[PDB]
Amino acid sequence: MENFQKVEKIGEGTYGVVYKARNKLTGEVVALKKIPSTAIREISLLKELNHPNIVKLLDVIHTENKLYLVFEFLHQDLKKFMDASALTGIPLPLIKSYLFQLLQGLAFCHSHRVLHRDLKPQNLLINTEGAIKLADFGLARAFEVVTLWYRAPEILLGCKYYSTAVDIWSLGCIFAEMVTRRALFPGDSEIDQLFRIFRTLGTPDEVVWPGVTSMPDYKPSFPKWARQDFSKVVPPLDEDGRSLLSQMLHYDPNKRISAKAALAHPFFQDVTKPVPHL
Ligand SMILES: CN(C)CCNS(=O)(=O)c1ccc(N/C=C2\C(=O)Nc3ccccc32)cc1
């Protein structure tokens, strides 16, 4: 670590504090995250998982029982950009570009059997060129209140062997939030999160989600709410966008659209790559 000069604190991350730093050997500006052998090996595998829509893991430094992760640096996260665009809204072509790029990143990771598990606006980073990238990819398998807003229902219901579908759910929640300028399911406890999902999408049952009633944290005493139309949930999203969103928010993880199939969706027939106003 004597090769890095800290510039400023850029986040109180999930596993530790993230700093903007300068590498003295290469002159490179980086993001430095200060965090067992199982972890060293899994983290070392993430150094090979390179894609244009994944924030690059440059190096892993294990010294004096501390672990430092050196990442590519980007200047803004999607949370800040959404807050800055609250009065006007992010233009639909840019929302579409960002969703398309994030699905490309997820298709890549998922093809290598790597899950993110904690997608949220704070770990989606943007640049001046119109790119958006997934940050902290794979750190949840390897290792302030953690937000539950983007957590898939199977996780909330106690599935310990969940799938790549959890990342599609989180991304669907983020898509809805870009469109409406408000979080879709802002729960402040696990039960509040689950019941907010149920109030919008309907309480799940064996018809829509075979096996749901046997899940660990499923309770037959859950209230039975009717499902709402998506036209009420994400106005003024068009029918292609609503169709895609509905497929990203299917209850059954097996029915939920994959990232690769989502890329082929008609919503992306007119996708472009606009420059954001930063
Ligand atoms: C100092 N303060 C107010 C900044 C917080 N808000 S921000 O400007 O939107 C902002 C600026 C930069 C960042 N970077 C975050 C990361 C980065 O670059 N690589 C990473 C790899 C893994 C995890 C995080 C990052 C985020 C937000």
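The sequence shown lines up with residues 1 to 35, 45 to 152, 162 to 296 when you count with the authors' numbering.
The beta carbon of each residue, even a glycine, is placed where N, CA and C say it ideally should be.
In the DSSP assignment, no residue is bridged to residue 107. Taking all protein chains shown into account, residue 26 has fewer than 16 neighbouring C-beta atoms within 10 Å of its C-beta and is therefore exposed.
In the same chain as residue 16, and ignoring 5 residues on each side of it, the C-beta atoms closer than 7 angstroms to its own belong to 33, 34 and 35, in chain order.
Under the 8 angstroms Cβ criterion, the stretch 214-227 does not count as touching the stretch 107-119, having fewer than three qualifying pairs.
Remark: the shortest separation between the CB of residue 89 and any heavy atom of ligand 1 falls under 7 angstroms. A contact between stretches requires three or more CB pairs, one per stretch, nearer than 8 angstroms, and the stretch 132-147 meets this requirement with the stretch 56-74.
Under the criterion of beta carbons closer than 8 angstroms, residue 202 and residue 195 qualify as touching, at roughly 6 angstroms.
Burial of residue 132 is indicated by the presence of at least 16 other C-beta atoms within 10 angstroms of its C-beta.
In summary, residue 182 is buried, with 16 or more beta-carbon neighbours lying within 10 Å of its beta-carbon over all protein chains present. In this structure, 49 is the residue among 55, 65, 80 and 49 with its C-alpha nearest to the C-alpha of residue 72. In the structure shown, residue 193 falls within a helical segment according to DSSP collapsed to helix, strand and coil.
DSSP places residue 208 within a helical segment (H, G or I) once states are collapsed to three. Between ligand 1 and residue 144, a heavy atom-to-CB distance of less than 7 angstroms is present.
In this structure, residue 31 has its beta carbon less than 7 angstroms from a heavy atom of ligand 1. Contact check for residue 56 against residue 81 fails: the beta carbons are separated by 8 angstroms or more. With contacts defined by Cβ atoms closer than 8 angstroms, residue 252 and residue 260 form a contacting pair.
Residue 288 carries a coil assignment under DSSP once its states are collapsed to helix, strand and coil. Excluding sequence positions up to five before and after residue 280, its CB lies within less than 6 angstroms of the CB of 112, all in the same chain and listed in chain order. Not one heavy atom of ligand 1 falls within 7 angstroms of the beta-carbon of residue 16. As DSSP reads the structure, residue 5 sits in a beta bridge with 22.
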